[PDB]
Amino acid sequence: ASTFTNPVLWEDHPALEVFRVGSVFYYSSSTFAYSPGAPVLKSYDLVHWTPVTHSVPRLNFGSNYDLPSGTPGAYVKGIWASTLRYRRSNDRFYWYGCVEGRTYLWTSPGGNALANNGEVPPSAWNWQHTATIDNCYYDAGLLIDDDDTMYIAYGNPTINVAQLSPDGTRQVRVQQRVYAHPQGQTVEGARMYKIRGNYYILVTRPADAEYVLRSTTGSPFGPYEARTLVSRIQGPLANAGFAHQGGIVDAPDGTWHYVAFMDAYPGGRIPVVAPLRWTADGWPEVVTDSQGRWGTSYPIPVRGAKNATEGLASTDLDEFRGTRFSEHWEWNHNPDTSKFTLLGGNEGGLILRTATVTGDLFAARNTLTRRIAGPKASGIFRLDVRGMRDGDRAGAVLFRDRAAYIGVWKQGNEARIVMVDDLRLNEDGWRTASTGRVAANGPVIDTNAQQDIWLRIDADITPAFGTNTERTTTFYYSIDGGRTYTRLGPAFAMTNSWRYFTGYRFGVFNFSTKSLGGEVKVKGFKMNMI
């Protein structure tokens, strides 16, 4: 396939950093209070991406990341725009991110990637907390320079550059205000580069432009001068704001590409790719289509690229086998590890024991989530719910700050299917605004039905950002082994607001309104494109 179409991945992976090691491209994204945090995706062509690891296996940023006492928890805090690079000299990946005023470094060995055309064996990833720096590198962009000195560009509304110690664990020096926009416009989203002898920093003007800065002195400390890379460019997707932020990366053939993202709410922020050309005077420019738009299709960045993949694809059936989750799953806040187990053996399965007593889904620990692929997808959870106890509520949630679910309520000796809507957080502070209402009752389910209940969410995430239209999701259940599905409840209208940042997700939850002791088994999950 000699060309590709935008977007390259229709899944919420915001604040991307991209770089190349040998034959492999790596992409790092932001995850807020979702745990594990800071996913890493891998590609051979900048187009087909597979998740391979997460840089922060459990969030270590403070006790609120364990959701100890309900809303506002650490909702919409945690990992904002951060940065990742691979250091050849010690075969180590470095992830830095500022969270609530301190900067955290997590590192992993690379399994000798520099020597194996950039491949990291799946077993070699092993991320550990390596340092904390007592300066906030808001919207950090790491550069490992050609002489092995490490720098971080950061800031909002103006850009600073810090020099780190040789081991990357301490700040040695900061130059403040290496760039300020001359008309007082806010910039942020720094990514930092050393390209053919010169220093570049990419910054965004939220949320519609990207500037390229270049050091006027040839020093990493600048000062820097700017040119526009994109400003309010049209395409390649409608109703998804503007392509901005992101970063630039070289393919093995020496050609450069700009990987930006779109505000494709209600789905989230998704990556788009364009080629770059370099001017004779040493600046990069986006290659547009014949109409000056970010093109819907372009030549493939790598020809005859490897197609091999690690682990389960986004749409692959996941029966929760083995000892670890696939790279697609993330908990809402850190999980209580004493309250879930992956069963292993022939069948696998995930046991979710109730971990929180609450009437409020947003206060519940151990809600397991994953990204919805767009523009439309069905997510199906298969459960055994015989272990539910009085007051337990479990099910499949369309999860965000305006949420709905289809699930099972156990009251006394009755288990029944319900559809619940009007679950809402207040965008001003993220306290609960509504704990929901039963919008429809489904049937009472007997023990045989309880042993195999299938819960289905059909979500439409077709972009609607900036429009007056809200997309809708519908909910279904099966109590005949997935052979027949029955619709339950109204169509649920989804928010287009950007304030929660993360897109809508599919999730499975289990909590109690009375007491702990109950459990469900999640036998499987499947996402189908619809």
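Numbers for residues come from their place in the sequence shown, where the first is 1.
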Subject >> Which of 364 to 372 and 292 to 300 has higher mean CA B factor, as the PDB entry lists it >> reply: 292 to 300
**OP:** Look over 324 to 332 and 233 to 241 in the entry and identify the one with the greater average Cα temperature factor.
**Re:** 233 to 241
Original post:
At the C-alpha atoms, which of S108, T279, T149, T354 reaches the highest B-factor in this entry?
Top reply: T279
Original post:
Going by the deposited entry, which of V203, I457, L312, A81 has the highest CA temperature factor?
Top reply: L312
Subject >> Where the record places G518 (Cα B-factor, split into thirds across the chain) >> reply: middle
Original post:
Comparing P36 with the other modelled residues of its chain, is its CA B-factor in the lowest, middle or highest third?
Top reply: lowest
**OP:** Could you look up the Cα B-factor of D392 in the entry and say which third of the chain it sits in: lowest, middle or highest?
**Re:** lowest
Subject >> Entry-reported Cα temperature factor of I479, expressed as the chain third it lands in >> reply: highest
Subject >> CA B-factor placement of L143, once the chain's modelled residues are sorted into thirds >> reply: lowest
